[PDB]
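First come two forms of one protein chain, each written alone as structure tokens, so that there is a structure 1 and a structure 2.
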Structure 1
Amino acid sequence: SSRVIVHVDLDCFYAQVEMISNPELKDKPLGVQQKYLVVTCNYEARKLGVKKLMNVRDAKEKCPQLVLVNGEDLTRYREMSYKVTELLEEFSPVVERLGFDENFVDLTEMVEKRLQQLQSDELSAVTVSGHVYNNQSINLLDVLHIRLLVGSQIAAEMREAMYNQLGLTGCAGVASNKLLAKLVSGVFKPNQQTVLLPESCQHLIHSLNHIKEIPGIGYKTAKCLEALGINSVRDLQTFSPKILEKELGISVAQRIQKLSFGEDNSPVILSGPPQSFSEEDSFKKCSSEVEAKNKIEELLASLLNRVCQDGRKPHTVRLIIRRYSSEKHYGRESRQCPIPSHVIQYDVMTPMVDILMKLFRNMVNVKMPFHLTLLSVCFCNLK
């Protein structure tokens, strides 16, 4: 019961989409801008020292000939992201999305159908496609090695189909679980693929420098670990199960330690259609107030249309806000409510604006002036 998982990772996704629309950008160094930020940039601009989530000024002062395009509206990038998933879904139905530009696919069944199709005389013609992690030697008598190679071939067909059908280039990694597949897809980039043979799993896991580099250990947990004297993957492999549990809870503790040995038994889940649809807008305390109402019509108008196209219906609405000052209490507030059934299905705007407005007043004292740096609307709980 050993698995063959692939993880697909598109290079500089937003920038790829922009370069495809307007090829006059193909060669100019390029950055996708949202508010005062460069969210992502193309491979030219990385050479020139530009980095993700570097502010627009710094970015000019590191490459003054940087061409900027606004990527605040995600429609185009969202659309392409589902084209990619659907294409992978043709290979094996069971595809898991992670943000807009990553997918996992469980290739185990396909690897097996393909192996059954070969007889014993070509089981030695099976070769690898792309890189072998750490240059490890292949052993054709090892069935795990054989399965992973067929994996690497299926991964190659997926990358070729993505390029031929949608114009997108990307990396893939093939491995025995999601964690390893994701760690190894990054080893050669851009636009290349790597396969991880089992013997090299400790080599891979120990190549990391910071324990935050393990998917599943975020900002909070890292920071908690560092303060316990846990810095390397090895520190975490070797630390007291007992003290860790007590510091994180048998859940978080027992899972991140398993992760630390490269062990990860989570299955690849079919993502299908989204569980929620939301729109945001950020500002430098640029709302107080009434203007909130306008801002909230905008998001709403855009969403209604997205939720119409889908043709499932939301049965809950949520309104999210954030308050001014500063490096302090920067956690957010929200208020949700069921959407009246009469409404579930022109003119839908007006009633909606009002629910939203009521939700708004529940949160903000609209007498003593307000400090708003974010407005968000979410539709969810659909069927």
Structure 2
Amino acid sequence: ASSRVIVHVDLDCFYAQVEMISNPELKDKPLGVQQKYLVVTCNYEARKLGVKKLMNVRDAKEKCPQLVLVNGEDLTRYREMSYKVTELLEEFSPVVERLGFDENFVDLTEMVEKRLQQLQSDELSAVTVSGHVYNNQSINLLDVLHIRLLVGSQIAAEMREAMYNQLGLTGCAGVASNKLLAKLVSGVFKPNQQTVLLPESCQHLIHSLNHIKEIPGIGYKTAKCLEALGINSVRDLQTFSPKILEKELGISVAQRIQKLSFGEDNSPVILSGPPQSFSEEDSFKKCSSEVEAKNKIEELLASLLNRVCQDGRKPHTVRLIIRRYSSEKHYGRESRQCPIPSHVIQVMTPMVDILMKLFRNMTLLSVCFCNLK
């Protein structure tokens, strides 16, 4: 149970794909999916015309005045298609980890070993790659790690084919020996293509990044820290004193991220299974006057009740989240949480009242059910 073969599957412009399937007439039009004042994503036609992920509508339309916009505030259809993709990949191999609605990791190691035991000491020399090899690296058919990663690429090509044939969806895949690398390599050829990373090109991929922030695992706060410390490139992080890093970020963060900077990442692909929470949100200018807007809270409620029904399991906890007024101090939302009574688990209106009291304990309103059982 040593060396792994992991695939990362990463769909193209996922919300825009879902909307193009729904309304074919948007098919070869540049398309942006809007949420409030943002174009959260857009199809590849629009990316050619300058439209970028998460651009304001204004910038978006004065870069491209012919841009078609559809509202993507209601996530229902995205969410449903997102689970269809996960279940299809689960069928290839059951340990599938979701990351957001349109990325999945699959640990292919058992699958690859089983396919390999199937082949003769004849056809092992006909093993070929499917799709791109990162950095155009030469394959060595006598290297058992090259052979396993190639079989990995063939399984990823089957997955992408099946997603297209069964669900109508295109996507990228990256095959590598761990989740970090699979995730960095999946993005090298886009849209709708795949890439496999052989071990000798690992430093090349890692040093191809232009800032430590691009490392999956290193976010906004951590990047700001490393900066303050004079750490900008992936090589700065590789060569920095482990000790000062430790005595500044904590042992956990320091040792994990410095391993990341080498391309090293032991984290297991984790079975996501069914979701741990269910929530819906609503943004607005500053429209929750702090009074008559429980009305919002009932709408949110009605949808969530229909969803959390549908699941089979039921939530034992409810939470209310808010965002307070005026100026924008970069970190700060607030939440009141209490258990749901069992009278009420097993007829909207008692739920309506719990929510209102937690409101009374305390631009954004959301309800979240959790602690599913």
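Under this definition, the rigid core comprises the largest set of C-alpha atoms superposing within 1.5 Å between the forms. For numbering, take structure 1's sequence and count from 1.
**Q** With the two forms aligned on their rigid core, point out which item of 290, 141, 125, 308 shifts its C-alpha by 2 Å or more between structure 1 and structure 2.
**A** It is 290; the other listed residues stay below 2 Å.
**Q** With the two forms matched on the core, what distance in Å separates the two CA positions of residue 330 between structure 1 and structure 2?
**A** After core superposition, the C-alpha of residue 330 moves 4.5 Å between structure 1 and structure 2.
**Q** How many Å does the Cα of residue 279 travel between structure 1 and structure 2 when the structures are matched on their rigid core?
**A** Here the C-alpha difference is 0.4 Å.
**Q** Can you give the CA shift of residue 54 between structure 1 and structure 2, in Å, with the two forms fit on their core?
**A** Its C-alpha position differs by 1.0 Å.
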